[PDB]
């Protein structure tokens, strides 16, 4: 497909780009500290997903060159988002997200990534240095319309419930792709030291989702059929911004009055700990000629 937006960090990207909030990422969804304190560019420390490598000839000595650097996205105790200059701090959440933009604007991108059939690509790698706590729910990747809903979500960790139930939940450490109604479409163990490659095809006319998945250098394969996603709102209210990072939900604090425990934006137990996840291969393409499945192959889809 043609690339509509490329969030694969160039090898020459820097903290300074991040602290200017320039293309390709809007960095506003974070705590008060600079964007670069929460999101680190990993240079040569971490090899990104091999799917988008370039290959060398001859194939000895080095087979390939990385075309991107991985990103490490961190949350910590300062990761409280204040919406605007005047919003109530989101004290229930710990969040750091990057949002796709083009020419300085997320708004202008909405029509481009919101029409026809669009493939949202992203690959995750477990951070062994600041482990995610799977007792809590983490919303990692999603497209968020105006109303705060998610057309689809990549989630990991035990889903938030009020009241609190057995924790960890079964398969808490499985990466999960959810539809807009929070139905589990596909789930797979978040194995360590492994690039978990995803593509979610959104057909904006028919309101469908299809999940594609692989590990490491393996080409993406389809792991769901084309599935109805019919709770998405009609028209422009169904479209929204592409986020990736970590949105960590709290647990219920029974000390809180029953009338506020459901309000996860402002209430709940959040320990003051640091947690990370690494991203690579994050980009958006249409389905011209087909889906990019990795390793310089395209696959026809319909």
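Numbering follows the first chain given and starts at 1.
Chemist: Between 30 to 38 and 61 to 69, name whichever shows the higher mean Cα B factor according to the PDB entry.
Modeler: The entry gives the higher C-alpha B-factor average to 61 to 69.
Chemist: Looking at the deposited entry, does 251 to 259 or 52 to 60 carry the larger mean Cα B-factor?
Modeler: Higher of the two, by average CA B-factor, is 52 to 60.
Chemist: From 85, 179, 155, 210, which pick has the Cα B-factor that tops the rest in the entry?
Modeler: Reading the PDB entry, the winner on C-alpha B-factor is 85.
Chemist: Just the C-alpha B-factor column, please: which of 197, 188, 105, 224 has the biggest number?
Modeler: Within the set 197, 188, 105, 224, 105 shows the top C-alpha B-factor.
Chemist: Taking the entry's C-alpha B-factors for this chain, is residue 79 in the lowest, middle or highest third?
Modeler: For residue 79, the deposited C-alpha B-factor lands in the lowest third.
Chemist: C-alpha B factor of residue 159, ranked within the chain: lowest, middle or highest third?
Modeler: Tercile = lowest for this residue's CA B-factor.
Chemist: Taking the entry's C-alpha B-factors for this chain, is residue 236 in the lowest, middle or highest third?
Modeler: For residue 236, the deposited C-alpha B-factor lands in the highest third.
Chemist: When the deposited Cα B-factors of this chain's modelled residues are ordered and cut into thirds, is residue 20 in the lowest, the middle or the highest one?
Modeler: Ranked within chain, residue 20 CA B lands in the highest tercile.
Chemist: Using the B-factors in the PDB entry, rank residue 215's C-alpha atom against the chain and give the third, lowest, middle or highest.
Modeler: For residue 215, the deposited C-alpha B-factor lands in the lowest third.
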